[PDB]
Amino acid sequence: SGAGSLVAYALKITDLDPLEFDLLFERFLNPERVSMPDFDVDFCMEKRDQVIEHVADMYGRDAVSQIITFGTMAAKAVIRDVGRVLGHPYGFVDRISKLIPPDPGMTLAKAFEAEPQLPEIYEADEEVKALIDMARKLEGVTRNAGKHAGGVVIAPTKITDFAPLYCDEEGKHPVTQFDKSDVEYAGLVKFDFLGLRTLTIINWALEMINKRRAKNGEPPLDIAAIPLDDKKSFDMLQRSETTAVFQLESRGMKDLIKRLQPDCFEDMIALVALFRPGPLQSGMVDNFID
Amino acid sequence: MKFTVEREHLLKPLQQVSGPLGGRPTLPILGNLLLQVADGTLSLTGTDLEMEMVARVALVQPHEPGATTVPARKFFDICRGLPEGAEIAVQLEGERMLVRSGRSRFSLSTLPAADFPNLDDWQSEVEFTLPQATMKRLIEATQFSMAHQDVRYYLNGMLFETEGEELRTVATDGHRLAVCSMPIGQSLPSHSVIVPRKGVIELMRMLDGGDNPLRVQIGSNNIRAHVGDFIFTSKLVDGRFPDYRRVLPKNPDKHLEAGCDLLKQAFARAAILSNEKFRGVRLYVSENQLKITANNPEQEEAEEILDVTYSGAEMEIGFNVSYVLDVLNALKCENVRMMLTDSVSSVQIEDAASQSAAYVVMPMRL
Amino acid sequence: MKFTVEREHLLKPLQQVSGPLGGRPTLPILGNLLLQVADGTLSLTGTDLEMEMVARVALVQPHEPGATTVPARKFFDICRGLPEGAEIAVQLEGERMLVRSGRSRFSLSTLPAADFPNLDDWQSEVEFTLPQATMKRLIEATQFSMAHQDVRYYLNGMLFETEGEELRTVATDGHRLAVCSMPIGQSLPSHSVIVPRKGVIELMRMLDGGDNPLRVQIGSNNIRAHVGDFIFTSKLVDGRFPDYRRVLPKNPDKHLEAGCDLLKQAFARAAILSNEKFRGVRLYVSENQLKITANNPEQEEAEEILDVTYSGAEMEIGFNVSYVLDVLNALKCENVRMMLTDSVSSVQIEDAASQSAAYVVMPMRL
Amino acid sequence: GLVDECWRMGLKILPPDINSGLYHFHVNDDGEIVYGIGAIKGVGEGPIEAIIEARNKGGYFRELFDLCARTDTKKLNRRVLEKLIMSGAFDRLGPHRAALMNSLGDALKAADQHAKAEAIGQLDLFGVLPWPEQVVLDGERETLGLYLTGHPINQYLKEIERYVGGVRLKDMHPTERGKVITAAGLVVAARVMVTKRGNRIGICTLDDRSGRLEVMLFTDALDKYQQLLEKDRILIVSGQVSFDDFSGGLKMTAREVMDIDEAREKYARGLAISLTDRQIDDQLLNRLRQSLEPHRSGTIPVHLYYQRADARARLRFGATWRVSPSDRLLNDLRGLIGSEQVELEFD
Amino acid sequence: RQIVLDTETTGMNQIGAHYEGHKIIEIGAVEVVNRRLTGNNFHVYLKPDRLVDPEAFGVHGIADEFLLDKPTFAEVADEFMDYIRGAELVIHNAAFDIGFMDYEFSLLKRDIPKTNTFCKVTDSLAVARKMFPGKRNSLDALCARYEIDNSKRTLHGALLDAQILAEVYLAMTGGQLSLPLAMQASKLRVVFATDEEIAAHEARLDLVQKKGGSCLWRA
Amino acid sequence: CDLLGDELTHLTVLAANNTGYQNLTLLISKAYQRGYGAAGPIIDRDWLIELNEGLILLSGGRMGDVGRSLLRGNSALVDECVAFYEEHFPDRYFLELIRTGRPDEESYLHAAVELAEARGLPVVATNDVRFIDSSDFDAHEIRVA
DNA sequence: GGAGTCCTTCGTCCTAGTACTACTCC
DNA sequence: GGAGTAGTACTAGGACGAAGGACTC
């Protein structure tokens, strides 16, 4: 919630005038609360190598570490793992696992309640029974080294002064052996790897737009320098043509925007907060529109 | 249908004609033999659509005509494995061929003759006969220089070029060429035709280089060869052959002869310390002497010095040694003559004592 | 380090020492030789890291001690390649080995002798010599029954067992078994050792069967074999050889005797039409007759009737035909006597003239 | 999805081109947009760069062989090259894509010889002296479905076929074995050995956008049924289907097979053609007649729809010739689409 | 001498006695001697004594009116008994078939004891289950496994499955046997914690106890 | 270690205090920094010279340096191995003794107990536990697989 | 709660080794 | 005709890339 800081804006940490839009710093740093308020600023993964470089120049490559995340053994994975060890080809097992809904927290007990075909194939198939009975014994167990970073840590000395590392076969891509919650409770501040392809897109599209410079001598385009009330923008939005428009790609969300016809910037700030199960099923969306 | 024949008459034909037939072809009746009894004759067929080999054998004991096609490999192994002198009695009954011989009794699965691809009749255009021994020479001296699996599909084979009363062969892969020609003593038309690699392998195979006359009839796109009661027929491929008159070296000024086995044993030895993949060696030649040097990454060296007949200037040139080793092995002669021009140009190579044969392999840039 | 030897003193040693070289010497110096020059003796080593092969050539010409390690295959081919009576000169020039013959010159890379791996010294425990002849028969008679790749890695080798005047060798799959016993002419204390199959192959190859006696020593963890001046030493895979005395049939009461060649010819022919996986042939014995038959799912069938000396009851029995053909090929003899129990027991087979070798294959249930 | 969005917006959208394409979708002056190379599905990033790199150092690619020589197989694999043709990147040079597919292997083999020729320095003897995303989608359906004008099987269109792939098959008729016909949009045929028979092995591709399937544990006839099975770039076959407990598909035995060509016979299945109003006359007695004349077989009635301004009348040719079924492919060759109707005779 | 049987029935009772209320409709058995099919098959049809089960009907098509003129188990009791007596009985799920068999035998009221008292009762499914543990060992499973045609076989019903089970049985009891083979107190040091270590211990336990409210060392 | 050549042995190292903790942290980092194969990163025996303070070590048992050397019956190699711990870890080296019913454990144990009395060095037994109950063993076997 | 970063696993293609069978030499 | 050497065929292992289930805030 760092956009509530005008200092972040002043420093070019953030991109928004918080006093223009009533954005609040005390969500992000509250002085009347005593626990570290992890500021967690994130950036584009594409350019990790360039940032590792800067932060090594800054502190020392050995004083810098990536933070590991961990793979457990959840519903679809445990079915897959046991199935292969029991000597089925992938086809057999996938015809079972595709019946399990995608759901984040899935367990075998939850799977049995959501899907009636699970009980059925369990009782009708020896192999499936043996498999799930064993998947039940191992549900949620670890399997491997966490995949890369979730965030990057900054120590004042060697990171190994505080945590163990994992590194690859070339001793590269070092990661802290404690995970995100654990590593920070052991005292070191972390910096997460923002997940977007949108800035990569902007970047490349700007290169291509700004080449239309010499084609007719046009100044380079500064996305920060655009007017914030643009009618073309609001015209196209009122026309509901917002697939491929960042954040607003959902069919449902397009349905909502069509009925709502959002016509000012404030409304555009509101859209993600409006587009939720609570607001819609408490009449607030209808009230707002009306 | 019913026949009786002597293992001994049947066995070498069986071997020669089964030879090239794939254990498992892509069209599996191609692993069966077509058997036909008509007149006093058993006709045997193995083909691959490109070539066809036919054997005929006269039926001495009571018989009845008909057609069928039997699994080639297993049947040949059965026939080969039979006891000495075995006279086997065979008869078609329904969809099985039953083989009796003494107290051995068989009933083999059978595929219909009707399903078998009957190869194409064509019109003969030019024909000739010659000693088996000339043919065998022609082929042996030359066949190892053909390509294997060249994309210029017309090099997978050998062009026969006929002019006046002479027949000539050349075989090549575009990196080495060998020419061998023999007088045939018959006025022919003028025709060139390239017959396939596998056809020539098998024709050489069956050349019982004895007395037997060999008579050949050529078409525009097919070839026919009769030796005795073996008949070979192949389709041809069309392709515009390269001109051997541009390949024959322009003016070889320097001439060099040497005794073949000594030359060959020396090349075989220098070859050991050449790059294993490219077989590259360097030749240094000087007044009455030859020095070949090579190298490998292991930092080993080979050097051979030998006395050679050479009049001419010193010269430096590199080759792929496989290419020269292969000619030295095939050339079963006493002395050789090499006709080179220079380091950058084609060379003619020949038996110092015969003139039937001539070879050009190109030098290398390393 | 310098020595000079004649090609013909080097050639048979070199060939023999180069046998163990093969399996993917990852540690590159395994593709090379160990040379120690001392006295008028150059010693050779050829090794796969588990076994070792030693050769001497006498040095008649001038010599000087020293050691290095030259590339074995390349060096062997060069020597084999040279003409008979060609003069080979060795002389170490710092970090190259120079090999000269008169006017030809070759240079080898050098890795230090000191890097060549050394196997531990051990001492002898039981000792014997025997005629080459006896060793020849022993191996030849049983090699076919070696396991190929077994999880029971101890079966990948041959048990040599001594006691009194009897050595008996055995090699097996877990399916079939071949046994041979020979007189050695000296009372020998009991020992049991399994030499790995590649080992026995190499040992087989060094036997020309000739006049030099073979002298073998067996230690706690190794074996050493001297014939004249060449010495092979291998490790043993340690123990728990299962009791072959237990598998032997317990007085087979029925005897079946027949001409080895005839019988073998018929089985080779019948084998062609049996099962891919199981090699299945079905056998009927009846009053003085043997009927061999072979089946496959496509109704292809080989069938033989044969006149067989046999007293006993009618019974039928199937087996893996490849394994029984293997024994008939190793049985280089006039008459075989086959000694049975029933359709579902292993059968013991011998030469009808010697009990010295015994062969027992299990039945298949086809 | 994105393209359909572009199109609706007023966005188009050139097809790929080896010569013009960059990594990313690029703006030539007029062409707002042309395919980026990375856009192609199967092609790796390394191969895309390789292509472009070769094109940079050399000129723009002249021909197939020119391409092969500049860029080795290491960079652009066979599989890579297959998708490139199917995308239509090569269309410029190799007007016929069918021709280009066939020419790949030889050029590939050729190129390996070219690599070898380079490395050895070695001298040689002399030598050797319209739309974007609508063609590509069309190709996919040839390989994964095509079923234009219904199917040659008009008398029994999907009525027999079913073409939903695994997803439809699961809920099938219960029986000893389902009756099912599969056709394959891709086939490669290999038969194994062990020196005493061996049942196997068939390779089909199975639709809808499912995957591919084996057959499967049989072939019956023995080798005559094996050859019917063959046919690459072509196959229809009829088999028994059950839900196999063992996975990698369901089980198929071939009880019967008929070819596409046989289905195209459209027995009692046959031919009608739709042409534009303006046809010459000579077309009636010349090109139209000649297409039919050399390919005759399987008494198929010819039906003719002459679209008149006034009405639709049916003139039955029945001059003599009954067309062979191979004619669809030949006819589709130029400018004319036909439709495969229920044959008049059967009803 | 090996005797193969496959019995098609008027369905089963799913609860209690699987034979109660049911009778035999068709007997299809093949004789197998030295792993070869003699062709001396026992194939009879019987009296239903009840309705053919809807399940059984869909399996291979059998109507009650077809099995009406056909003889009962009593007419072929001795005939079938002598055909299998003193031989190997290979069955699928022996508890099921044997249960039906003995059931019919007791219905004859000839005091007939269970078949297992005068015959070797062997289930082939149990053998397959021992060979392939936890795998589907059904007839069609094994059919596909051993490369067999069950589609172009004219025999519909019992004799079909019997023939197939014979080929499966041969496949399992192939190929080849295995070779019978397999086959004081003293001192020693106790290291007593030093005073430094004891102090660290005390302090470490203090932390556990002060923060957690317990100490088992000390509980 | 240099004593066994290529052969990797299994080892327990405990850090007894915060000096140990930091040494253990640096030891682990150094294994990863060296690089590795499918087996994972490995430590050299001699890294325990520098990385030493505050650590208490277990011999490895049958699967260790000393156990494996004992089973070979190379008395010189065994003596070289223990000698290292006597030099760099006085009062801080304990010989592991194990009864889990696995091959050669009793023969090793008998010989290790004789060595332990002959050297006057201290021993500890553990159960090298990987699971809660004995019936969990089969499932853990499959987890590893 | 959504989206992206994460690797691993599955499938396909290429390379290397090993055995068998044919061809050439004794 | 048989034995040795070479070539062909088959099988295993490793690499590369596209697909999928998962754990990050």
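Here, residue numbers run from 1 along each chain following its sequence as written; these need not agree with the numbering used in the entry, and residues that have no coordinates do not appear. Chain A is the first chain written and ligand 1 is the first ligand written, with later ones labelled in order. Each value given relates to the chains shown, not to the larger assembly they are part of. To get the side-chain values, all heavy atoms of the structure are used, and hydrogens and water are removed first.

Per the PDB record, this model was obtained through cryo-EM at a reported resolution of 8.04 Å.

Quick look at the overall build of chain E
The helix and strand labels rest on DSSP assignments: H or I over at least four residues marks a helix, E over at least two residues marks a strand, and numbering proceeds from the N terminus. Check the secondary structure of chain E and you find 7 helices and 6 strands. Mapped from its N terminus to its C terminus, chain E presents α and β elements in the order β-β-β-β-α-α-β-α-β-α-α-α-α. It is over C-alpha atoms that the radius of gyration is taken, and the globule rule equals 2.2 Å times the number of residues to the power 0.38. For 219 residues, the compact-globule estimate of 2.2 N^0.38 gives 17 Å, and chain E exceeds it by more than 25% at 31 Å. A principal-axis box enclosing the C-alpha atoms of chain E has dimensions of 100 × 45 × 40 Å. For the exposure calls, accessible area comes from a 1.4 Å probe over protein chains only, and a residue counts as buried if that area is under 20% of its type's maximum, exposed if over 50%, partly exposed in between. Residue burial in chain E is summarised as follows: out of 219 residues, 40% are buried. Here chain E displays about 12600 Å² of accessible surface, and carbon together with sulfur accounts for 56% of that area. In this count, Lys and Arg are taken as positive residues and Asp and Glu as negative ones, while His and the chain termini are left out. Positions of charges follow a simple convention, taking NZ of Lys, CZ of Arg, CG of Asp or CD of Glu. Chain E carries 25 positive and 31 negative side-chain charges, and their two centres are separated by 9 Å. The protein chains shown are the only cover counted for residues, whose accessible areas, like all others here, come from Shrake-Rupley with a 1.4 Å probe.

Points about the overall build of chain A
A tally of helices and strands in chain A yields 14 helices and 6 strands. Against the 2.2 N^0.38 benchmark of 19 Å for 290 residues, chain A shows a C-alpha radius of gyration of 25 Å, more extended than a compact globule. Overall size of chain A, expressed as C-alpha extent along the three principal axes, is 70 × 55 × 55 Å. Out of the 290 residues in chain A, the part that is buried amounts to 29%. Put simply, of all contacts in chain A between residues at least 6 apart along the chain, 58% involve residues at least 24 apart. Entry remark: accessible area of chain A is about 18900 Å², with carbon and sulfur atoms responsible for 56%. Side-chain charges of chain A comprise 34 positive and 48 negative groups, with the mean position of each set lying 5 Å from the other. By definition, residues are in contact when any of their heavy atoms lie within 4.5 Å.

Focus: the sheet that holds strand 8 (residues 104-108) of chain B
The pairing criterion for strands is at least two bridges between them, as found by DSSP. Reading across from one edge, 1(B)-6(B)-7(B)-8(B)-19(C)-18(C)-17(C)-21(C) is the order of the 8 strands in this open sheet, with antiparallel pairing throughout. In this open sheet, the two edge strands, each paired with only one partner strand, are strand 1 (2-6) of chain B together with strand 21 (315-320) of chain C. Across this sheet, the average inter-strand angle for adjacent strands is 15 degrees, counted without regard to direction. With 5 bridges joining them, strand 7 (residues 96-101) of chain B and strand 8 of chain B adopt antiparallel strand pairing. The residue of strand 8 of chain B that forms the bridge with B:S101 is B:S104. Axis lines are fitted through C-alpha atoms, for helices just across the contact stretch, and the angle between N-to-C directions can take any value from 0 to 180 degrees.

As for the protein's contact with DNA strand H
The environment of DNA strand H is made up of 20 residues, and the closest members are A:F70, A:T72, A:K180, D:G42 and D:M193. Only heavy atoms are used to decide nearness, and a residue is near a molecule or strand if one of them lies within 4 Å of it. For DNA strand H, the backbone makes up 100% of the atoms found within 4 Å of the protein, where backbone means sugar plus phosphate. Here a polar contact is taken to be a pair of N or O atoms separated by no more than 3.5 Å, where protein atoms must pair a possible hydrogen donor with a possible acceptor and residues adjacent in sequence count only if both atoms sit in side chains. Side-chain polar atom of A:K180 to a sugar or linking oxygen of DNA strand H: 2.8 Å apart, as the coordinates give it. Broken down by element, the surface near DNA strand H gets its largest block of residues, 4 residues, from helix 3 (residues 75-85) of chain A. All amino acids are sorted into three groups, where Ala, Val, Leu, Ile, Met, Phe, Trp, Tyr, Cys and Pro are nonpolar, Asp, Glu, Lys and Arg are charged, and the leftover types, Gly among them, are polar. Looking at side-chain class alone, the surface near DNA strand H contains 7 nonpolar, 5 polar and 8 charged residues.

Details of the state of the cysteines
All names here are of chain B. When two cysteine sulfur atoms lie within 2.5 Å, the pair is treated as a disulfide. This model, assessed by the stated rule, comprises 0 disulfides over all chains. Take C180: it sits in no disulfide, and the sulfur closest to it among the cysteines is that of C333, at 12 Å. Note on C180: relative accessible area 0%, which makes it buried. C260 carries a free sulfur, and the closest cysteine sulfur to it, the one in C333, is 4.4 Å from it. Owing to a relative accessible area of 2%, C260 belongs among the buried residues under this scheme.

So, the protein's contact with DNA strand G
Surveying the vicinity of DNA strand G reveals 15 residues, the closest of which are A:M45, A:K147, A:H148, C:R24 and D:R78. When the atoms of DNA strand G within 4 Å of the protein are grouped by moiety, sugar and phosphate amount to 100% of the total. One nitrogen or oxygen atom from the side chain of C:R24 is found 2.5 Å from a phosphate oxygen belonging to DNA strand G. Between D:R212 and DNA strand G, the recorded distance is 3.4 Å, taken from a side-chain N or O atom to a phosphate oxygen. Grouping the amino acids of the surface near DNA strand G by side-chain chemistry returns 3 nonpolar, 5 polar and 7 charged.

Points about helix 4 (residues 90-97) of chain A
Looking at helix 4 of chain A, one finds that the buried residues are A:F92, A:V93, A:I96 and A:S97. Axial view of helix 4 of chain A: buried residues confined to an arc of 125 degrees, hence all on one face. Each direction from the helix axis to a C-beta atom contributes to the arc, which is the arc of those directions.

Here's the deal with the side chain of C:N222
All names here are of chain C. Looking at the secondary structure, you find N222 in strand 14 (residues 222-227). Among the polar contacts made by the side chain of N222, one reaches the side chain of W122 at a distance of 3.4 Å. Not counting residues up to four positions away in its chain, the partners in contact with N222 are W122, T233, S234, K235 and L236.

Observations regarding the relation of the copies chain B and chain C
Each copy is overlaid on the others through least-squares superposition based on its C-alpha atoms. The operation relating chain B to chain C is a screw motion whose rotation component is 180 degrees, with 0.0 Å of axial translation and a residual RMSD of 1.0 Å. Classification of the inter-copy transformation places it as that of a two-fold axis. Interface residue correspondence from chain B to chain C reaches 100%, placing this contact among same-surface, isologous pairings.

Structural notes on the pattern of salt bridges
A carboxyl oxygen of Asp or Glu within 4 Å of a side-chain nitrogen of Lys or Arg is what we treat as a salt bridge. With the rule as written, the count across this model stands at 90 salt bridges over all chains. Between E:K120 and E:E88 there is a salt bridge, with its nearest N and O atoms 2.6 Å apart. Of this pair, E:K120 sits in strand 6 (residues 120-123) while E:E88 sits in strand 5 (residues 88-91), and the two are 32 residues apart along the sequence. Judged by its relative accessible area of 49%, E:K120 is partly exposed. Each of the salt bridges in this network shares a partner with another, and the network as a whole consists of A:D38, A:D40, A:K180, A:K190 and A:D192.

Overview of the interface of chain B and chain C
When the parts of a complex come together, some accessible area is lost, and that lost area is often used as the size of the interface. Residue-level contacts link 28 residues of chain B with 29 residues of chain C. Put simply, buried area is how much 1.4 Å-probe accessible surface two parts lose in total, over both of them, once they are put together. Around 2700 Å² of area is buried between chain B and chain C when both sides are counted, 48% of it from carbon and sulfur atoms. The largest contributions to the chain B side of the interface with chain C come from B:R103, B:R269 and B:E303, which together make up 22% of the buried area. At the boundary of chain B with chain C, the tally comes to 7 salt bridges. Taking the shortest distance from any N to any O, the salt bridge between C:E303 and B:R105 comes out at 3.5 Å. Across the contact surface, chain B and chain C share 13 residue pairs in polar contact. Elements that contribute at least two residues to the side of chain B that touches chain C include exactly helix 2 (72-81), strand 8, helix 6 (260-270) and strand 20 (301-307) of chain B.

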